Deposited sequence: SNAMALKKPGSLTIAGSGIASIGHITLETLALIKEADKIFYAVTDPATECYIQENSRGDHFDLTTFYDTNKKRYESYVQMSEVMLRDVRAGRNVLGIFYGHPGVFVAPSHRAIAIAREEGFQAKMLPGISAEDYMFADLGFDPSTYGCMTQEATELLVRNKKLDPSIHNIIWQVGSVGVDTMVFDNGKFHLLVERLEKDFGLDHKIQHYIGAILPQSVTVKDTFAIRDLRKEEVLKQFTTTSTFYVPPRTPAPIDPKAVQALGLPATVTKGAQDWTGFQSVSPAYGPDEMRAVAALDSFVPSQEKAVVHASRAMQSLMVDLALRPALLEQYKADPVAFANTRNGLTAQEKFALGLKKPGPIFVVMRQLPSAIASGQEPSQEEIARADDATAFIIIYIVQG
C-alpha cells in the first residue's frame, strides 16, 4: 500500500525544479529532503502538505557518512512500510553521486512496494550550460576523485573528463581540510603534464552566487592561494589534451564520406534563409483544447495517468470535448496515433479533412519521433 518516489531539486535554488516534481511536492503525504540552501528548503516546505523531514539531520562532524546514508534510507523505508506515499527529494539529480536514494528504491522493491526515481538537473548538466561544451564531441568521462584514486585509475587525455568531489579527497566523515588534495594533483600531473589547463567550476546555487569558471594550469594546483578555492562544492573540468585521430578505414567501413562565424558556407545558408521552401509540406500542431488539457493532465497528474492506463477508452470518454479521431487515437494507448492526430498537414486542415482511422492506427511508434541530433 505504501510507495516511494525519489526526485531532485536541481542545483540552482528553486529554478531547476521540474514541473512533475513540483506537482509531486504539492500532493505527497510525506516528504524527506536533503537540499543545500534555505530558500529551496522553505519553498519545498511551503508548497507541501506540511509533513516533511530534513534528512541532513543525520550528519555529524566526525560521524561516518555511510552511517548517515543508511539512516536517511531507513526513515523513508519506515514510512513506506507504514503505508505512506513517500516522496524523497535530493539536491541535483537524486541518482547522481547519491547513495541513499538507490539503496531505498532497491530495498523497497525487494520488499514488494512500488518505488521509482525521477531525474533532476545535475551539477554536470549545469556545467555543460555554464562552461558551454558538448560532451558528445569527444565523449565524456565522469568520476569521483576518491574513487578514482582508491582503484588506481588513470585519466584518458583524449576525451572530456569531469572530476567530482575534488574537495573531499579521502574524507569519510564531515571534516574537509583538503589534506589529501595533493594526491589528485599527482594523478593530474602524470596524465596531462604540468602545462595543461583545467577549469574550476562552481555553478551558482543562490541569486547571490557568482558562477566560478576559473582556468588553472596544473602547475599552479599546489599553490596555497589556489588550493584554498577548492571546496566541497567544486568540480573540475579537464578538457582533452590530445583528441584521438580519425581512422579513415573506420570512416569508410561506416559508409561515411572521406573558425570564423560567417564564412562562405554560413553566408550562403543565411542568404537562402528567407526564401527556403521545404520539398514537401510539413505538418503543424492541430489539437483541440480537450486534447491539450488531457495531455497536460497526464503529464502532471499521476492519479489521472493511472486511470488512463487502466482503461484508456473509458478515460477518453470522460473528455467529451475530444474530436472523434482524438478519442480513437487515445483509446489505442500508443505514441504513434498521438502524433497523427495532434499534428496535421495545413492542406488537410484547410480542407476540413480529418485523419482516417487507417492513418491514425497505421502510425509507426518507433519513427514518429524526429531526432536529427541538432
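**Student:** What are the missing stretches of the deposited sequence, listed from start to end?
**Tutor:** Those parts of the chain that were deposited but carry no coordinates are 1-8, 267-281, 398-400.
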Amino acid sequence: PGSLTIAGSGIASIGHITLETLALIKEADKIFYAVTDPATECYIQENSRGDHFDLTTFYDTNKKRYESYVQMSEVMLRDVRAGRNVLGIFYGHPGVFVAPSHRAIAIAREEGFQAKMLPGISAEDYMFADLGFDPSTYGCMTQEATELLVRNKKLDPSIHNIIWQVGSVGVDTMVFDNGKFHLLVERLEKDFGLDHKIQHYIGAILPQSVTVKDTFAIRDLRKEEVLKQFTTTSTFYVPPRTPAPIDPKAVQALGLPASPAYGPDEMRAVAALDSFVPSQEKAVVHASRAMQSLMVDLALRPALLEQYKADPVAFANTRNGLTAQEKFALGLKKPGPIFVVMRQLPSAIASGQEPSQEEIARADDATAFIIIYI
From here on, numbers count along this sequence of modelled residues.
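**Student:** Looking only at CA atoms, which has the higher mean B factor in the entry: 232-240 or 246-254?
**Tutor:** In the deposited entry, the stretch with the higher C-alpha B-factor mean is 246-254.
**Student:** Would you tell me which stretch averages the higher CA B-factor in the PDB entry, 322-330 or 345-353?
**Tutor:** Averaging CA B-factors over each stretch, the winner is 345-353.
**Student:** Checking the entry, which one of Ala82, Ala217, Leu300, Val171 has the top C-alpha B factor?
**Tutor:** So the option with the highest C-alpha B-factor is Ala82.
**Student:** Comparing recorded Cα B-factors across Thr211, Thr142, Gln199, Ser259, which one is largest?
**Tutor:** The C-alpha B-factor peaks, among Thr211, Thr142, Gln199, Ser259, at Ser259.
**Student:** Of the three thirds of its chain by CA temperature factor, lowest, middle or highest, which one includes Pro157?
**Tutor:** Its C-alpha B-factor, which the entry lists for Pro157, ranks in the middle third among residues of this chain.
**Student:** With respect to C-alpha B-factor, does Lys309 fall in the lowest, middle or highest third of the chain as deposited?
**Tutor:** Tercile = highest for this residue's CA B-factor.
**Student:** By the recorded C-alpha temperature factor, relative to the other modelled residues in its chain, which third is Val340 in?
**Tutor:** Ranked within chain, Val340 CA B lands in the highest tercile.
**Student:** C-alpha B factor of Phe128, ranked within the chain: lowest, middle or highest third?
**Tutor:** Within its chain, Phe128 is a lowest-third residue by C-alpha B-factor, going by the deposited values.
**Student:** Can you tell me which third, lowest, middle or highest, the CA B-factor of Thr36 falls into for its chain?
**Tutor:** Within its chain, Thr36 is a middle-third residue by C-alpha B-factor, going by the deposited values.
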